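Written out below as structure tokens is the structure these notes cover.
Should a chain be cited, it is by its letter among A, B, C, D, E and F, assigned in written order, with residues numbered from 1 in that chain.
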Amino acid sequence: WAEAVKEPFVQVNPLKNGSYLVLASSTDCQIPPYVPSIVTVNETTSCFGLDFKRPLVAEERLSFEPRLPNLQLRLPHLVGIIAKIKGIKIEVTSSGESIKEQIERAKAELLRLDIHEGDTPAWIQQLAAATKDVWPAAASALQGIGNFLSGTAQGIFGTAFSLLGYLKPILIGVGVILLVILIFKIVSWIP
Amino acid sequence: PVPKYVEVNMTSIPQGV
Amino acid sequence: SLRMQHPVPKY
Amino acid sequence: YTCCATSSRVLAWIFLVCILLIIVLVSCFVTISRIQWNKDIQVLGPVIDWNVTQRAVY
Amino acid sequence: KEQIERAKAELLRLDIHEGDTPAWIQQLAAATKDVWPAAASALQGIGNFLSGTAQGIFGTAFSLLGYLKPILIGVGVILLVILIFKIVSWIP
Amino acid sequence: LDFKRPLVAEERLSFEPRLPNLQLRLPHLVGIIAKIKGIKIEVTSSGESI
């Protein structure tokens, strides 16, 4: 299962034996982001705006803690866009799924998020964020052509293109009327 | 400004369980 | 396992 | 008069070429942006394995 | 009437696309099978032709010619504008 | 259904809470957004910009 969340994300659970369980979108006290971890400190300090205390020395007894098997997991490239356009917690793969089945799963859905006359700049900015890891040269270009339609002047070019997009059916109609005149006017020159 | 350090150990959680 | 050394201010 | 008649002709040509280029620039952008999106969808995605040691930053 | 007018707009907007025509055509068949079995068997055939025959080269070819549509029109328009002038510049 | 007149009560010291008031601006087409999801969906925050 995948689900979209708000940035910044911070979760710190104090454990009973005196360690702390941390999952956080940003670094603090040398703890890496995005991967969770069990954290212990030798001297009281403030991390993620709260106090992580040094635990009381304990006596060792025979353990019964479980040790689960490790597991690599491959996710779809655009998992973030799939989770965002559902607005609920959604199933994205299985532990033991093939590359082919995994891909043919949100492909039709994703293809039909096509370019529109009404949010071309907002679309072009998604395409860049999607392309950045694949082709960084193209991303930087797309991002540029994004900010040109949005920012340059008062966004007048964005406006102009948006409007010329919505007019397409009228233009064809006129274009057709011109041909029907031109053909007649031409045929009415030949002897 | 004097160098003072605190030790911080970290371990993993297989499968996130 | 991952041992680290977090620097703390001492002014 | 001849200069004004010539100016009108030259203006119309540059005005025609101006549009026929804009038609080609917009057409090429729509083709390339839509293909890249298709390729973005089918790339291999990230891998996660819950290893902390791998993500250490010094 | 009420039951039908409930997912109709939603369902209509699952339209054909340049990027998964074979995968779409295979849905249309599965949808048509109980209604018109003769048509289903046809659609299923034209499905496997774009996917299987050769190395799917025809699927590829059609997918590509689909995405090029805007360029082709643009060129087509430039040809007319030449043809008209070249024709008018033959008439005495 | 029947809305009955209540029995007279004796007044005692209250501990009822009094929450702050709050204006809330919704999107113009909130009804169409809620309809095409077919589930309970998040539409804004208390303190969001236009």
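The rule is short, and it goes like this: a residue touches a chain if its C-beta (ideal position, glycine included) is under 8 Å from a C-beta of that chain, and two chains touch if they have at least 3 such contacts.
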{"item": "For chain A and chain D, chains touching each", "value": "B, C, E"}
{"item": "Relative to chain C, chain with the most remote C-alpha centre", "value": "E"}
{"item": "Centre-of-Cα separation between chain F and chain D, whole angstrom", "value": "48"}
{"item": "Between chain C and chain A, distance of the C-alpha-averaged centres to the nearest whole Å", "value": "34"}
{"item": "Intercentroid distance (Cα basis), chain E paired with chain A, Å", "value": "30"}
{"item": "Contacts with two or more other chains, residues of chain E listed in rising order", "value": "19"}
{"item": "Touch relationships between chains, expressed as pairs", "value": "A-B, A-C, A-D, A-E, A-F, B-C, B-D, C-D, D-E"}
{"item": "Chain D contact footprint on chain C (complex, rising order)", "value": "1-2, 4"}
{"item": "Chain A to chain C touching residues, read off their complex", "value": "29-30, 37, 45"}
{"item": "Chain C residues within the chain A interface of the complex", "value": "2, 4-6, 8"}
{"item": "Chain A contact footprint on chain D (complex, rising order)", "value": "26, 29-30, 33-34, 36-52, 55-57"}
{"item": "Contact footprint of chain D on chain A as seen in their complex", "value": "27, 30, 32-37, 70-79, 99, 103, 107, 110-111, 114-115, 124, 127, 130-131, 134-135, 138, 142, 145, 161"}
